[PDB]
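Trainee: fold the following, please.
(one chain, ligands or ions: 1)
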Amino acid sequence: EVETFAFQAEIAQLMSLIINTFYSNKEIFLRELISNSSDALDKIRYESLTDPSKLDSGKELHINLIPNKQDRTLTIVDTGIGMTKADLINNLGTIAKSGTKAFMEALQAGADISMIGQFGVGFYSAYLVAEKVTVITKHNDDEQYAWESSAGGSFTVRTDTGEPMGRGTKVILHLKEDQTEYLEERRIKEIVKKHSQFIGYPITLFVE
Ligand SMILES: Nc1nc(N)nc(-c2ccccc2Cl)n1
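Mentor: Numbers count the residues shown, from 1 in each chain. Sure, the structure comes next:
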C-alpha cells in the first residue's frame, strides 16, 4: 500500500528552484544532511537523559556514509530520534513552508543557495545532486516508513519491512548521472573535512 501526497506549492517551488537554478557549489548538500543527522542524534540523547529506556532501540549514536557505485547511491544513516509517519507527511518534521518563504526573502536580500540550512530547509539541497531521494525512518513511537520523491510535485509514503533499523533515519540519494563524484572516497573525505569536521558524533565513511 503506497500513499501519494502533493507537496505544498511553496515546497514544490523550492524544489524546482534547486533543480533548475545554475549553481556550481553542489557539495553543500552533504553538510546539510550530516547537520540534520546531528540534530536528530541530539534529540534522542536529550530524551534519554530523563528516560534511559529511549535507547532500548539502540545505544550507539553515530552517522554512517555509504556510497554504492553499482546502485549509484549515497546513503546517510543515523541512529537519531527518527520520524513518525505524521512527521514524514508534515514536511519531514520541519516548518518547510515558512522556511521556504524566509529563504526566498533572504535570497532577495543578498543570499546564495549555500545559506539554505539557516532557513530549516537544508534537506531539499539533496536535489542538487539526486534525481530521487528515499528517506527510511524509525521513531520509538511508530513503525518503520519510507518517504520518497523524484520531485515533480509529489511524494509517497509506505510501510518499510524486511530490513528493520531499530531507530533512526536513512537518506538515500539516487544520484544524477553527472554527479557520481559524490561516490568517490577522496571526494566524500574532502567534503566532510571541509564542512563537517567538528560534528559531535562519529562519522564513518564506508568503503566498497
Ligand atoms: N536525519 C534526519 N533525522 C530526522 N529526524 N529528521 C531529518 C530531517 C530533518 C529536516 C528535513 C528532512 C529530514 Cl529527513 N533528518
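
Trainee: which stretches of the protein form helices?
Mentor: Ranges of helices in the chain, per DSSP state H, are 9-20, 28-50, 85-89, 96-108, 185-195.

Trainee: distance between the second one and the chain's centre?
Mentor: On the basis of C-alpha atoms, centre = their mean, to the nearest Å, helix 28-50 sits 11 Å off its chain's mean C-alpha point.

Trainee: determine the set of other helices and strands touching it.
Mentor: Applying 3 or more C-beta pairs under 8 Å, 6 or more residues apart in numbering; DSSP states H and E, one finds that helix 28-50 makes contact with strand 63-68, strand 73-78, strand 168-175, helix 185-195. Backbone N, C-alpha and C define where each C-beta goes, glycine included.

Trainee: name the residues that touch that helix?
Mentor: With C-beta atoms under 8 Å, 6 or more residues apart in numbering as the test, helix 28-50 has contacts from 54-55, 61-63, 65, 76-82, 113-114, 116-117, 122-123, 125-126, 128-130, 167-169, 171, 173, 182, 188, 191-192, 195-196, 199-201, 203.

Trainee: which of the residues you listed count as buried?
Mentor: By neighbour count, with 16 or more other C-beta atoms under 10 Å, the contacts of helix 28-50 hold 54-55, 61-63, 65, 76-82, 113-114, 116-117, 122-123, 125-126, 128-130, 167-169, 171, 173, 182, 188, 191-192, 195-196, 199, 201, 203 as buried.
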